[PDB]
Structures are given as structure tokens and as C-alpha cells.
């Protein structure tokens, strides 16, 4: 009935991948209860820091990455959802189902990665467990893992960055290519495609 139609909750930042120092590590900033509540109100007063956020909905958890003042993630994680912010839900400023891409204005206090212009094919994928996985670029939107591993290890890291040797953003992790459950390669949204969307 019209009277009882529910609304979907906001995406909520629940932690980050700390890349500040010599050791990458995941930090949780909000537990499940506060996450649930913040998703419904869309009101998140937690201080945001860093480039790579861990985000959650009621049903999924994945990553989101700031590049050029936009917090980017995958459409298959976020759909058309708002993100929680100190003053309430914030509507997406970019949505592209054809690229599996969405973006919101970057939260106050985040830091943005710089788009790569190195042209290097020696990349590094950052996962939600703060693993930094070397990846050889193999095309415009694909790279191979130098050390394959089960897809379990990459699940939940869509929206994370592929970085060049200098720490610039090369793309946003979108999908894993596997054989008998082993991730041999990854697909990503190239940063140029983000820059065109902008």
C-alpha cells in the first residue's frame, strides 16, 4: 500500500583503510547498531579521514574512494542510495549503471587521491583488509594479480582503488575474474572514465 512504502537507507561510512604511514591497516569507526541507525536517519556526525572508506548498507559492505573531491564507489553496492552526512542524506552527483559507477561529493575531512598520469602498468590494489596487492595492468580496464588468491580475499573490496607506484589513482575496483574460485585478474573503472563522467 502507498501508506506503508518503505524508503531504502543511506550508505554509511563504517571505517577506513589507513594509508597514512608505513603500515596499511583497516580501522572501524562505527559498529553495526550505530550503522543501522545512521542508515535510517542519514545523519552521520562522525569525523571522516583519509582516502579509502569502508561503507555499508543494511545488506552489503564494500569500499569507497575519494578522487578529485568525489567519493566514488560501485553501483552494484550502492545502487541509487544517498550517503549519510552530518546534515542528513546526500544525493549522488554521479550515477552510471553502464560503468558500475556512482559518486557523491567527498565528505568534509576526507583526502582525495590524485588521478594518475604516469602511464605505468605496475599497479597496487588496496583491499578492505588493508592488503596491498600488486597487479600488472593488462588493458584499459583489466589487470592480473601477480599472486592469485581465492576470490574470498577480494570480496567486499569493490570501490577500492588501484594505485600506481607513486600512489596516484588509476581506477576503481569493480569485478574479479576467477578460475575455479581463484582470482587471477581484476576489472576496474579507469580513472579516465571517472574524469569523463565528471
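Numbering follows the first chain given and starts at 1.
When the C-alpha B-factors of 113-121 and 75-83 are averaged, 113-121 comes out higher. Of the two segments, 52-60 and 36-44, the one listed with the higher mean B-factor is 36-44 (C-alpha atoms only). Taking the PDB entry at face value, the top CA B factor among 12, 185, 189, 24 belongs to 24.
Among all modelled residues in this chain, the alpha-carbon of residue 68 has a temperature factor (C-alpha) in the highest third. Looking at the C-alpha B-factors along this chain, the one for residue 148 belongs to the highest third. Ranked against the other modelled residues of its chain, the C-alpha B-factor of residue 175 as given in the entry falls in the lowest third. When all modelled residues of the chain are sorted by CA temperature factor, residue 165 is found within the middle third. Among the modelled residues of its chain, residue 134 has a C-alpha B-factor that falls in the middle third according to the deposited record.
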